[PDB]
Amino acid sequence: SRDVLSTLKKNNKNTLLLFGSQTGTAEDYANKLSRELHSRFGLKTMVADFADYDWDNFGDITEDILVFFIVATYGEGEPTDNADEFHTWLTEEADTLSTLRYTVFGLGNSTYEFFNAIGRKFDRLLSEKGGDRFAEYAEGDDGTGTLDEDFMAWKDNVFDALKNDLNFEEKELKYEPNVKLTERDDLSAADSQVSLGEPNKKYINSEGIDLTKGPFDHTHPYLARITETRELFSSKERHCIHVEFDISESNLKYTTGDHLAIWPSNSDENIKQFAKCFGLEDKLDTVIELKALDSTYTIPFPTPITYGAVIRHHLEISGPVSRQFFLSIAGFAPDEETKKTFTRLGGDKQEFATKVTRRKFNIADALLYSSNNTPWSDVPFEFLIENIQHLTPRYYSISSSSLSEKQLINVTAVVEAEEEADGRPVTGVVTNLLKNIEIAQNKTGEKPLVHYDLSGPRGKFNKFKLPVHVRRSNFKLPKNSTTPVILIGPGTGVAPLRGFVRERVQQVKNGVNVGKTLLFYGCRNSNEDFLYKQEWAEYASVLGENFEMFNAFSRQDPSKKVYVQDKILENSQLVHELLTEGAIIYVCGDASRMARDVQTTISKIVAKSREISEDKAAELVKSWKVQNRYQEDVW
């Protein structure tokens, strides 16, 4: 079953699309491309997760299979978890791939140093080992906001290659469903086999199954009770939530520095606007059953299920709208005046960006703009199941210590929310869910901007439970507790660093010899947004002279805006002294600006302190990253 070649043949497929994805974008692109290849070119396509196959025989792939690799870069130039075994195979075991025909699209972000390392590496190694690159490599940049249009441009070039180099006939895009829906008017919420949004089918049967026992992963979460929450900012307009999850009654395990994945549900406001857009407002309790029309299509949620459960618990209805979604759905436009507007917007990259993307429209808002509020009632709900990405967990840096509190997981989440001039709320799904929980749990009297179902499917999320799982990270304290560490994490970057500090505090209490800990923190104003302000002196009391903390306030004084890199420079003698003692550097938080400014500042310190050029020092600091002496948890 893990032989991909045998799987292609058995399913009568001639086209393989492989996705390396951590948060689902690469998977969604592979699905989008697959459907278009099938409709426009008649290709018999299979979308595959690298993790579902073993790769030892892949060198035997035949010339009649076209392979598309859609691959994200993660961590520090590393493969996505699902692609790790393929990456080990290609880099270490693969010999030749003499009849492979392939093309690669990389997903990455140019604010990271190893930009699109994986797409570039796959594309190069596949060629070096004898593969035939049939369409040029291209890559997308999530750091500058061009990723989606980069993908569209690459896809256009792939289609040119198919049509003009391989002489395939290209037909017009048409919706060719891979799934069939049937309404079950005989079923209702009263029927226990009907999903009301449970995370998977194990949560629907579960009469005498232990839902507290292992293992928990991206296919199977633990419903973790939130025992307490706290608003950490004093600002009325900007919020950050401390969350404590009780895991004591379960086999869910974590280690300091790991990530918690929180499984979302959508807000009432976004659901309402989605149902209005598609004429589903009187159908939300109606039960549907889904059947695959293609032997390699996996229905992405339990069936049977209600429309409302699919929309609330399974579809990523919010977020930037791909122009490819406009192109795919245009055939279902409700009327001619709409089709004219919608076809124009879908075909013009720049006007799409101005009229849809920069307004931060969700699907529902963009389609209703285009149709002057006429519902898109001709859109088959199957089309939406296939063309909107599955609602994916968000990761949080755990802020508790597994040594100190093995039975609790903390996270520290800044809430993303704004209102547009036209009154629309533009919200982060998970973070507004956590804010709603904090408001309700603490009876705060704040009015939530958007609202969620805090009880969940059949009341199964009651007493403020959410589905979670833990992802193991390589962001880890040194094996040797006497090794000094330098911890840099302004804003929510402090989250894993709180975990680290709490671990070292407990270690000192366990009579362990712990090395020096230097922490560089920053926020706007000591009286506004200083995370965990009270705790740090308590930690200092335990750790003694083996802990020093320096704080940078960016807004306290307008004449002197101060950031963590300014405090690192001010304390350069100490920082470098610790580096000479083998200190490990950990940088956490904002990838876009902070991480790069900090790295530059550290490089300058190394250059001055060691009498080497700035570029030689920069290259040395880069080698520390490769060697895991300089670690990042930046997003």
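Position 1 is the first residue in the sequence shown; the rest follow in order.
With respect to the recorded C-alpha B factors, which stretch has the higher mean value, 187-195 or 445-453?
Result of the comparison: 187-195.
Quick check: 5-13 versus 620-628, which has the larger average CA B-factor in the record?
It is 5-13.
Maximum C-alpha temperature factor per the entry, among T354, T412, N164, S265, belongs to which one?
That would be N164, according to the entry.
From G522, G308, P558, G428, which pick has the Cα B-factor that tops the rest in the entry?
So the option with the highest C-alpha B-factor is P558.
Sort the modelled residues of this chain by their C-alpha B factor and say whether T601 lands in the lowest, middle or highest third.
Ranked within chain, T601 CA B lands in the lowest tercile.
Could you look up the Cα B-factor of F245 in the entry and say which third of the chain it sits in: lowest, middle or highest?
Lowest third, going by the recorded CA B-factors of the chain.
Would the CA B-factor of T492 place it in the lowest, middle or highest third of its chain?
Lowest third.
Using the temperature factors of the C-alpha atoms in this entry, rank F326 within its chain: lowest, middle or highest third.
It falls in the middle third of the chain.
C-alpha B factor of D590, ranked within the chain: lowest, middle or highest third?
Within its chain, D590 is a lowest-third residue by C-alpha B-factor, going by the deposited values.
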